[PDB]
Amino acid sequence: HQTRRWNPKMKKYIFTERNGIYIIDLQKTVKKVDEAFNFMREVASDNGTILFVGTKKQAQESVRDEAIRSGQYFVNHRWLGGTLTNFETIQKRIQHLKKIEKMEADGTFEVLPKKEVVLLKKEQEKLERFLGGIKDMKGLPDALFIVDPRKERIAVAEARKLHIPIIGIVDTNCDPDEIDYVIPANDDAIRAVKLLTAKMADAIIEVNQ
RNA sequence: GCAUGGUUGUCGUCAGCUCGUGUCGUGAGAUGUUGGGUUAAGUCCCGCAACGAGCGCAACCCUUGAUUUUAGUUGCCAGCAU
Ligand SMILES: [Mg+2]
Ligand SMILES: [Mg+2]
Ligand SMILES: [Mg+2]
Ligand SMILES: [Mg+2]
Ligand SMILES: [Mg+2]
Ligand SMILES: [Mg+2]
Ligand SMILES: [Mg+2]
Ligand SMILES: [Mg+2]
C-alpha cells in the first residue's frame, strides 16, 4: 500500500518509490509465479484438493468464479474459526445442511405449522451463506490460497497449526513468513487478483486433466 | 435435622446457571455469555476466535371471551293450543 503501513520484512521485493506509494519489482514476481505454477501443478494431480479463501470483495467474486470453473473447494464469506481444526463440528453442521435440504426438497415441504418461514428458512439461508464450498469438502485441504494474508490471520494460523502448505499473494503490508511460499502482488485491485487466481486454477486444471 | 433419605416469608417472575469440541495463556483461568441495536426475557439480528448444546425464558396446561357440528331433560318457549 502506502509507504507508512508496510512490513520491513519485505524490503527485498520493493523497487524504487513513486510519489505516494512503493513500487514492487516485477521480475521477482514473474519468477515467483512461475514457481507457484510449478508447485500447483506438482500438487494438483494427487486426487486431493486446493482450497480458495476469498477474504476481500475482489477476492470474493474472483475465487467464487475460479472455483466454480475449476470445480474446486472454496470459502467466500466470513471465515468462521475452526473449520480446519474443529472439522468434526463443521462436518456435523454440513450434514445438518444436507439433511434439511433433502427433507425440504423431497419429503413434504410442509411439516405441520406455519413455522417454516419464521426460523427454518432464515437459518438455512444464513448457514448456506456461511458454509458454501464446505458442503463438498470430503477431507482435509492440501494447499490453501489466500488473497490478502494480513486480512485473513485466522485461516493462515489454522493452516499453520495443522502444517499444510499455503500459497497466497502478499502485498507490501504483510509478513511473508507465515505463508510458506509467496508471490508479491497487490491484493487491492480487482484486475490483478482475477489474473492470478485464474492462472492458479488453469495450472491446476492443466496438471490434473 | 450439624451423621442422612421425601418441604412453607423476600429480593422477585428477578433473568440468569453451565457443558462438549476448539483456540489464547507457564498457570489459576479466559473466549463463547464482550460490542451496536432490540425484547416482558441469555428473546432475536449483525459483526466478532469461535461452532453447537442442556436447565432456565417461551410453547405444551386451565379458565374466561366468539362461532360450527353432535345431543335435548330436570334446561329453554319461537311457532301451537292451555
Ligand atoms: Mg494490499
Ligand atoms: Mg455440618
Ligand atoms: Mg424453603
Ligand atoms: Mg411470612
Ligand atoms: Mg438483593
Ligand atoms: Mg498452550
Ligand atoms: Mg454469567
Ligand atoms: Mg448482548
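- Named according to the PDB entry, chain A is Small ribosomal subunit protein uS2 originating from Listeria innocua.

**Details of the overall build of chain A**
- The number of helices and strands found in chain A is six helices and seven strands.
- Relative to all contacts within chain A whose residues are 6 or more apart in sequence, the contacts with residues 24 or more apart total 53%.

**Some words on the pairing of strand β6 (residues 166-170)**
- Of the pairings in the sheet, the one linking strand β5 (residues 144-146) to β6 comprises three bridges and is parallel in character. From the neighbouring strand, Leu 144 faces β6, where its bridge partner is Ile 166.
- Where the polypeptide runs from β5 across helix α5 (residues 153-162) and back to β6, its parallel neighbour, the crossover connection is right-handed.
- Strand direction decides the pairing type here: β6 and strand β7 (residues 181-184), joined by four bridges, are parallel. Pairing of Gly 168 across the sheet is with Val 182, part of β7.

**Remarks on the pattern of salt bridges**
- Residue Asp 177 pairs with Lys 9 through a salt bridge whose shortest N-O separation is 3.3 Å. Of this pair, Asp 177 sits in the loop between β6 and β7 while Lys 9 sits in the segment before β1 (14-18), and the two are 168 residues apart along the sequence.

**Quick word on unusual backbone geometry**
- Not every positive phi belongs to a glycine, and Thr 16 is a case in point at roughly 50°.
- Residue position: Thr 16 is located in strand β1.
- In this structure, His 163 is a non-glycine residue whose phi angle is positive, near 60°.
- Counting through the fold element by element, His 163 comes out in the loop between α5 and β6.

Definitions and limits used
Each chain carries its own residue count, beginning from 1 and running in the order its sequence is written; this scheme need not agree with the entry numbering, and residues with no coordinates do not appear. Throughout, the order in which chains and ligands are written sets their labels, letters from A for the former and numbers from 1 for the latter. Bear in mind the chains here are only a fraction of a larger assembly, and the values reflect that fraction. Hydrogens and water are ignored here; the side-chain numbers use all heavy atoms of the structure. Residues with missing side-chain atoms are left out of burial classes, side-chain pairs and their counts. Helical segments are the DSSP runs of H or I of at least four residues, strand segments are the runs of E of at least two, and each set is numbered from the N terminus. We call two residues in contact whenever any of their non-hydrogen atoms come within 4.5 Å of each other. For two strands to be treated as a pair, DSSP must find at least two bridges joining them. When the strands point away from the viewer, a crossover counts as right-handed if the route from the first strand across the helix to the second turns clockwise. Criterion for a salt bridge: a side-chain nitrogen of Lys or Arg within 4 Å of a carboxyl oxygen of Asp or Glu.

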